[PDB]
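Q: If you're matching them up, the sequences are chains A and B in order. The numbers in the numbering used here rise by one with no breaks, and the one at position 36 of the first sequence is 36. Just so we're on the same page, the numbering used here is the position in the second sequence counted from 1, plus 100. Submitted below is the structure of interest, expressed as structure tokens.
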Amino acid sequence: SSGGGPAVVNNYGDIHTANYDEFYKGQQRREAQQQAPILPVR
Amino acid sequence: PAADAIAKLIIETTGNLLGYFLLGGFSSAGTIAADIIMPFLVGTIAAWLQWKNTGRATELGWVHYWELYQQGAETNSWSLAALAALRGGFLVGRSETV
């Protein structure tokens, strides 16, 4: 039942429903977290 | 620059040194000099302006960031406009809503 359908699509990962907008926004948020404190105030 | 401009450091200091020399200061230390050490104090006399934003401190409270050095768009204009330089410096780290 589970093996060979949506339950294995979940194992496949982001093949079905998955959008680019929030993924790009999350990557930008992670980079902003990394680089914002070290950016100068000037 | 109003205290240690290069024109001052050359002309006024060499004149004071020549006056001291003609009075005999270098022959014996008795003579009282008149500003013969100006080139030794470049960038030390009234070279800064520090302003603490009382309203910002009141709004922020006990725990706060202390101070920030701000360089203006024109590097040698704060002496011309002290107030404008301080306001331009305080333009930076303010409350922001977008």
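For each residue, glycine too, the CB sits at the ideal point set by N, CA and C.
Using the Cα positions of B/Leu149 and B/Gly115, report the straight-line distance between them to the nearest angstrom.
A: Cα to Cα, B/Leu149 sits roughly 30 Å from B/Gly115.
Q: Relative to the alpha-carbon of B/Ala147, which residue among B/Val198, B/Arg194, B/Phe126, B/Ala105 has its alpha-carbon at the smallest distance?
A: If we check each option's Cα against that of B/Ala147, B/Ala105 comes out closest.
Q: My parser needs the alpha helix (DSSP H) runs of 4 or more residues fully inside the stretch 111-144 of chain B; what are they?
A: Runs of the alpha helix (DSSP H) inside the stretch 111-144 of chain B: none found.
Q: Within the same chain, show all residues whose beta-carbon is closer than 7 Å to that of B/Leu123, passing over the 5 residues directly before and after it, in chain order.
A: Cβ within range, chain order: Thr131.
Q: Could you tell me the distance, in whole angstroms, from the CA atom of A/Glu31 to the CA atom of A/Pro40?
A: So the alpha carbons of these two residues sit roughly 16 Å apart.
Q: Please report the Cβ distance between A/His16 and A/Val9, rounded to the nearest whole angstrom; I am assuming they are in contact, meaning their Cβ atoms lie under 8 Å.
A: Going by Cβ atoms, the distance from A/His16 to A/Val9 rounds to 6 Å, so yes, they are a contact pair.
Q: So is B/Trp166 buried or exposed if we call it buried at 16+ other beta carbons inside 10 Å?
A: Under this definition B/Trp166 is an exposed residue.
Q: At the level of alpha carbons, what is the spacing between A/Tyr12 and A/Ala18?
A: So the two alpha carbons sit approximately 12 Å from each other.
Q: List the endpoints of the continuous alpha helix (DSSP H) containing B/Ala184.
A: B/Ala184 -> alpha helix (DSSP H) spans 182-190.
Q: Given that a residue counts as buried once 16 or more other Cβ atoms are within 10 Å of its Cβ, and exposed if not, what is B/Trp151?
A: The residue is exposed, with fewer than 16 neighbouring Cβ atoms inside 10 Å.
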